[PDB]
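Chains as they are written, first to last, in the authors' numbering: chain J, 12 to 112, 120 to 429; chain I, 11 to 114, 120 to 428; chain P, 11 to 116, 119 to 429; chain P', 11 to 116, 119 to 429. A prime marks a further copy of an entry chain. Structure record follows, encoded as structure tokens.
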Ligand SMILES: [Ca+2]
């Protein structure tokens, strides 16, 4: 049964998903190949988005001497799917990670949440991220390697829009226009202040505060809306507010001005709206947190003068298509340590998809409904329900995965 | 035989429930579509059908003008306005035939089913359409207008959810023109446009101001949409003020909607000047399908004199949300029926049937019983089998009517 | 039933792989052809189809003029230009229908005569509406006086299997100073070669004349649709001093028009008592051929600036040329030809052409990145069945040209039996 | 089991006759290929294989330089030069393995990416280590990041059967004054033809300059491994007196180096108001091609010795050329191509290549005196079995490039089932 073969052995090629999502489509296999370099602590982390419906496979981070991670690069597919296709569905995927340059070990786990929801990302802490014995693997020798196999997080998923470019012309050569993954958005609601009282002595240059900081996840476009209302009895106060989207490594990935020299009028509701749209091309690395900064200042102010105001307000962060299964969750982490500095950790995999070509390609790419295979879904359901008894893992010591492949091409 | 298969391939015989896993208590209905369109002076035109549209919008007719541009004629809808009687809907099956019925043999038809939405077509000329798709069973060429063509709607996914119909909601207002509805929303489509990234604008003063069009992009919309985001302007010059307007353009190039985004918005020096977008375009304002969006900015210096240089830098992104836009059938796919060489003044007759699963509005629910629908064990498998053998069976989305008629017979036997 | 037979006899149902021994990884595609041709004032015309052409060239339309000459109208191609997306091709099956679809304001009319000729366009001995009926002796390759309103169906029948894939005349990566520069990789396998001995000690003689004396050394019928080359050499001998030659090659279209002219010699002075060599090296690229070529002629212009009382113009010549039509002998590339002629059709009416071409194709480098290719369904008895059907062609009445009503009946009788 | 299938899937076991319809009396032979290539200082390189080449040319090795350009190392051939003993050939099957076999004194490393492209070398759009992964969409024609120590196996899969025998480029009996004279009978059937319209009334204009003004009229990607010819003609028109042209053709290798330069015009003076003809007749023999050719360019140098105040250099040109790659379109001769790229391999290491090529051959006249030839075992279902296997290629996982460990497992699973 082709689909089962594709599901369990992605490197053999694609097959159509035997569900009820009957769209005329085409099937494709995209490889991923990377030779990553080990930093001086000999330790690092690769974050994989096993169910990502598109070209984003993961991100590599090296562990620094000071204990912080540092972003290296994204891991994508051989070609950029949005450039040739407009819609996509993930069929199957598998990636292997091993050193190619003995030295070191790998710990790996499949977590059912999104990146920022992990409570512990240390080499050893990962082993507890899940309680499923078949979703974690420990101290595998780097030379032997580990294999990440993508297992379903729901079928009958709709096709996802790929963030493809749309026809557009503009004065700015840096103009960008796309149609993004949107169906099934994820929404975070943050009530930053409920009659929060701010008070402080003047200061030339203003007084800065960080109203709040929250963990959120984003890999592609998102928007931030909402409003803060300020009340004050003091005259001459002005506010400056800024939103920061922080990366997994602690760096600032994006900053947006929300208020600039916004003067506060006494005894009135002062409105501070948020109308931000963050496009995919601006997100250089996965975003794991958001924070708001407010700077309070008094132009005609003197030492001694108090600056104060009261605020209430809620924001809504919308990650477009964020709740589409595979888009942000689950996550598979592959951590390595004790690897010789300057070694090469080699990544190699295959992603299989159901796709709908963009207009230009549609002129030459035939699309179809796809082989009818009466018992394929039942067989898949049966296999997955016996997952523990059959030992079907999401993370494998590669040698065992290889044995599993043989034991299968048997039957 | 399986009722659903019968309904799918021969919509004119009536509705049947989709044999998927979307088990909702519903009712089944058939809505006809009948139009007698008039041919313009070039004898050429285009009918754009939304084969999978979950509701009363069937298509739009455009005539080709001597200058080479299309001109909107009218929308093609179902006999009655579904949102007036129902709140939720799902398309079961549909078919329409197009043929000439009058003489004032004359003309031919080219038809194709494109897997994208209207503004995504790269070529909409009578002959260019033949390449919109590579699937031989989704295009048909030079059929005589008198014999006609038949558009058959084929699925673009099952287990689709029910769609809110854009029905009116209970509301009262001081304005007699007030309108309130619950719109198709699940599965929105989102377009993200970065209009400027430190874009430098510079120009010498000029009474009345200077206008530019920052960008123009192709997008699709038939029903309600929203536009949000913000532009941020920086300037070193004093006394400048901006006016900004958003335009939503139709397939025929005409302006369908215009919205002020900025009016006499003064720019302060050495600060981030914020220009937010909070636009909501309701369905009743869209008079024809929207195929593009553009932003206009007018820079002016009130107390300015000849020689004065006006300048500013801008950065910003917008998000256009088409409510329910990505629901399969709502914007894609599209079936185009083009005709040429038809005698001017002739009548091009459209006739069809749309079958739906529906949930009645509160008033109608008092008298309309709803149910889960006939259990039919092998209907889905049979459907899957038929569609997978689509090429071997020759099941088309566009047919020469005579062939579709033969296909019906070969099926009923 | 065998998908291939279905595709062969009913091309509009789509493509299928040829069940022969040419096992190449490929993809299958259907290209449609749609045209609305306008009838000229004599009410008569001719469509020339290349039933087996391995690529986008389907045919050419010509109107018959009051003076009895044909005049080129336009080429008939497929919806898209295959060479833009693919590099190699093989024709699987094809069919086209021709019928009137019109009556202009101010009494329908006309008939069609159609025939499938086993040679190439220029080899036809008679191209008149009635003459066509004798181009072949096969009753199943000709059809007479079919009403234009009913129409005729052209069905492509094989001219050999196990044919190689043909290079498509695709663009190749190139940059040049000239914005009009053109570079392609052309159909070449199986060239067709014409050899013409233009002179074997031919004696030319004449009295001076300002501007020179012109002669057409020869004119010969040849066929070309795409690129060709012409090489060779003429050798001139003379006793007279001061003679200079100009030589030109012309490629003529089916309508008699000059499609191509190429200088082969310009102010070439002849030296006495020596072998004067005139080499030809002409390469005529496909983009320069605007309509099918059906003849070639060579012109020589002799001028005697010099001047010597009593001397006259004279020289002796010998020479042969070779005309190479790239891929010209690939079955289907130039032969066979199916002609569809119409007459008595009301002026201003529309003759509508509609068809499908099915191909095995290998995508170009950019498309290969998103287009999977395969060897194609194994179908054990497909070839034997094909061979059986074709051998019983006469008993079964499988024609290359059909009155459309009959072709339709035939389709029914097939989707049954 | 069918000997042919055995030979096809496991070439190292020896040759077998192709079970097609090309019944020629022949003999069967295996030629080995063995090379120990040295890794340069970037630790990166590329081996280009011609999997289907009907003869001794197996491939070419290139090292990647620090500046990002490739540099030709050497050709990869078979143990003996087939053309020396045979005149005709057909490729039956082939496989080669590439693996590191070394560690130099003072920590192993590296990976291999390999892909089988359906075009010829110059048609590739990206030849970088990672870019290769997208050359084709077929999952069974690409393999990524295989450890160099384990190695990769290239397996030659058919690009059509019923192929003709190919002339081998064998020496022919000849004697000449020049001890460097060379004479061969070359692979010719199925030529590949490129057509380039270099100019169509292109206007050139410029101010005098001692030594002349040089321009590259065009540059185009083409492929050649063995002999080719270039014919054609440029026509120049000018109003200026005293202009003289020099024209040169260059054939460039994959590494950008000039492999061949040929004068096409030397001090060709232009006469005013006349057609000035510049014919090309270049024949580039195989022994002159030192590495695969991937581009061609034409240079024109205009000089105005004359001198006339106000006159400038200028002329108008028209012209087309045809590049004929003898036997170039014979499947396997130029396409397909299998690239094996390596990176991060320790400088100075040895990348070892080992393989076998199996052929149907017709001996030369001297060898024919002691080499019996035959038609070859009749094997009734061998072709059907072959067709069945290839059609189930994806289900069976038959690849053109393999991680060697997997290919070995596949061999076992075959010598069983
Ligand atoms: Ca379902």
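No residue lacks a Cβ here, since even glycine has one placed at the ideal position from N, Cα and C.
query, result
"CB contact below 7 Å: residue 95 of chain P versus chain J", "yes"
"Proximity of residue 29 of chain P' and residue 394 of chain P' at Cβ, strictly below 7 Å", "yes"
"Minimum length 4: unbroken alpha helix (DSSP H) runs contained in the stretch 252 to 303 of chain P", "none"
"Interface flag, residue 381 of chain J vs chain I, CB-CB below 7 Å", "yes"
"Partner residues on chain P for residue 277 of chain I, Cβ-Cβ distance less than 7 Å", "Neighbours of residue 277 of chain I on chain P: none; closest Cβ ~43 Å, over 7 Å."
"C-alpha distance - residue 373 of chain J paired with residue 130 of chain I, whole-angstrom precision", "11 Å"
"Outcome for residue 84 of chain I when other beta-carbon atoms lying within 10 angstroms are tallied against a minimum of 16", "exposed"
"Any chain P' beta carbon closer than 7 Å to residue 90 of chain J", "yes"
"By C-beta, the residues closer than 6 Å to any heavy atom of ligand 1, given in chain order", "J/30, J/31, J/174, I/30, I/31, I/174"
"Residue 356 of chain P burial status per 10 Å Cβ neighbour count (16 or more: buried)", "exposed"
"Beta-bridge pairing of residue 315 of chain P' - partner residues as DSSP gives them", "P'/256"
"Contact with chain P by residue 53 of chain I, beta-carbon distance below 7 Å", "no"
"Test item: CB-CB of residue 177 of chain P and residue 98 of chain P under 7 Å", "yes"
"Where residue 39 of chain P meets chain I, residues with beta-carbon distance less than 9 Å", "149, 151"
"Unbroken beta strand (DSSP E) run spanning residue 81 of chain I, endpoints", "80 to 87"
"Near ligand 2: residue 259 of chain P beta-carbon under 6 Å from a heavy atom", "Absent from the structure shown: ligand 2. Ligands present: ligand 1."
"Residue from P/34, P/16, P/21, P/17 whose Cα sits closest to the Cα of residue 388 of chain P", "P/34"
"Nearest candidate by alpha-carbon position, reference residue 266 of chain P, set P/296, P/275, P/306, P/298", "P/306"
"Three-way DSSP call (helix, strand, coil) for residue 143 of chain J in this model", "helix"
"With 16 other Cβ atoms within 10 Å as the buried cut-off, status of residue 348 of chain P", "buried"
"Opposing strand residues paired with residue 204 of chain P [DSSP bridges]", "P/337"
"According to DSSP, residues forming a beta bridge with residue 375 of chain P'", "P'/96"
"Buried versus exposed, by CB contacts within 10 Å (16 or more), residue 425 of chain J", "exposed"
"Option nearest residue 86 of chain I by Cα separation, candidates I/45, I/121, I/218", "I/45"
"Beta-carbon neighbours of residue 311 of chain P, restricted to chain P' and to distances below 8 Å", "None at all; the shortest Cβ gap to chain P' is about 13 Å."
"Contacting residues, own chain, Cβ-Cβ under 6 Å from residue 75 of chain I (five flanking each side not counted)", "81"
"Chain J contact for residue 356 of chain P' (CB, 7 Å cutoff)", "yes"
"Buried/exposed call for residue 330 of chain I, threshold 16 Cβ in 10 Å", "buried"
"Backbone CA spacing between residue 52 of chain P' and residue 113 of chain P' [nearest angstrom]", "16 Å"
"Three-way DSSP call (helix, strand, coil) for residue 423 of chain I in this model", "helix"
"C-alpha distance - residue 38 of chain I paired with residue 415 of chain I, whole-angstrom precision", "29 Å"
"Residues of the stretch 192 to 206 of chain P with Cβ closer than 9 Å to any Cβ of chain P', in chain order", "192, 193, 194, 195, 196, 197, 198, 199, 200, 201, 202, 203"
"Proximity below 7 Å, CB of residue 399 of chain I to CB of residue 390 of chain J", "yes"
"Residue-chain proximity (residue 145 of chain P', chain J), Cβ-Cβ < 7 Å", "yes"
"Chain P' contacts from the stretch 361 to 376 of chain J (Cβ-Cβ distance under 9 Å)", "361, 362, 364, 365, 366, 367, 368, 370"
"Interface partners of residue 387 of chain P on chain P', CB under 7 Å", "402, 403, 405"
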